Number of protein chains: 2
Amino acid sequence: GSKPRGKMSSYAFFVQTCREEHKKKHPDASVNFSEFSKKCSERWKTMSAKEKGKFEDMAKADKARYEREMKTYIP
Amino acid sequence: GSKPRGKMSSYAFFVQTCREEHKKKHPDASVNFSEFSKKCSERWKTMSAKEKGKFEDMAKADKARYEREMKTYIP
DNA sequence: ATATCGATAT
DNA sequence: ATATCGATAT
DNA sequence: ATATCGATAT
DNA sequence: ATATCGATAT
Ligand SMILES: [Mg+2]
């Protein structure tokens, strides 16, 4: 086998949603990576635990994917 | 210890020099990652075999770094 | 360490 | 797999 | 890309 | 066994 992909954190899932939002608001634009990161991170800082929760549940699931795949990985 | 950093390819070393060039030509601009990557890769394609050679020697050395460090890595 | 945002190369 | 280009969070 | 590994065909 | 191809993992 191959080395399993690293764990995707709750923030990593959240960044994907930021990019979705951004695409709808600016369907044309190239992403300014530096500004985009700063904006997502400022938005995440102000989110409540409720809004966060769905991203935490994605992360819990990927933590499970990762633990499962690592069982069989032989380096 | 920690996992050694992955091998830096001849191109990865080149992209650092592209950014240097770019900063001198456009000190004020934020990097458009998508466009930067496309321009770096066009430049790499047309760069002379002599110029490329120096990046290939950095990569050879980093390969040696990596092989040495991996001897003592325990996952 | 490794991942996201894009594109790319080794 | 892993790295670059920037900033960031887990 | 590339180094390495396995299956196949000889 | 060995030469080759081409998948696999990096
Ligand atoms: Mg990485």
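Residue numbers begin at 1 in each chain, while the letters A, B, ... track the order of the sequences.
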Sequence-aligned protein contact record of nucleotides 4-10 of chain C, with B where the base is within under 4.0 Å of a protein heavy atom and S where only the sugar-phosphate is: SBBBSSS

query: What is the sugar pucker of E/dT4, north (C3'-endo side) or south (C2'-endo side), as given by the torsion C1'-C2'-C3'-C4'?
result: south

field: Intra- and inter-strand pairs of DNA chain E in dot-bracket (Watson-Crick or G-U wobble, both distances under 3.5 Å; | for another strand)
entry: ||||||||||

- prompt: Can you tell me how far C1' in D/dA1 sits from the matching atom in F/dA9, rounded to whole Å?
  reply: 7 Å

message: If the cut-off is 4.0 Å, is B/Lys63 near the phosphate of E/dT2, judged by side-chain N/O to OP1 or OP2?
response: no

Note: A/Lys60-A/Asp57 ion pair, threshold 4.0 Å (strictly below): no

query: Are any non-hydrogen side-chain atoms of A/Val15 and A/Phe36 less than 4.5 angstrom apart?
result: yes

- prompt: Is the shortest side-chain N to carboxylate O distance from B/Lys63 to B/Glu67 below 4.0 Å?
  reply: yes

field: Worked check of side-chain contact (heavy atoms from CB on, under 4.5 Å) between A/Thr46 and A/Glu42
entry: CA-CA 7 Å; A/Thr46 66; A/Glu42 298 295 351; over 6 Å; no

field: Co-membership, hydrophobic cluster, residues A/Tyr66 and A/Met58, 4.5 Å side-chain
entry: no

task: I would like to know whether A/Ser30 and B/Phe33 meet side-chain contact (heavy atoms from CB on, under 4.5 Å); could you show each step before the answer?
output: CA-CA 9 Å; A/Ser30 86; B/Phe33 273 54; over 6 Å; no

- line: A/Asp62 atom CG is separated from C/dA3 atom P, nearest whole Å, by 10 Å

- request: Label F/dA3 north or south, basing it on the sign of the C1'-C2'-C3'-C4' dihedral.
  value: south

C1'-based separation of F/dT8 from D/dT2 [nearest Å]: 15 Å

- prompt: When we call it a touch if two heavy atoms are under 4.0 Å apart, what does A/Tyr73 touch: a base, just sugar-phosphate, or nothing?
  reply: sugar-phosphate

message: Taking the side chain as everything from C-beta on, heavy atoms only, tell me whether B/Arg5 gets closer than 4.5 Å to B/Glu69.
response: no

message: Would you say that more than 12 heavy atoms from the other residues, nucleotides or ligands in this model lie under 6.0 Å from the NZ of B/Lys52, or not?
response: yes

query: Based on the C1'-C2'-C3'-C4' dihedral, does F/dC5 have a north or a south sugar?
result: south

field: Flag, side chain of B/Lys23 to backbone of B/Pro27, donor-acceptor distance under 3.5 Å
entry: yes

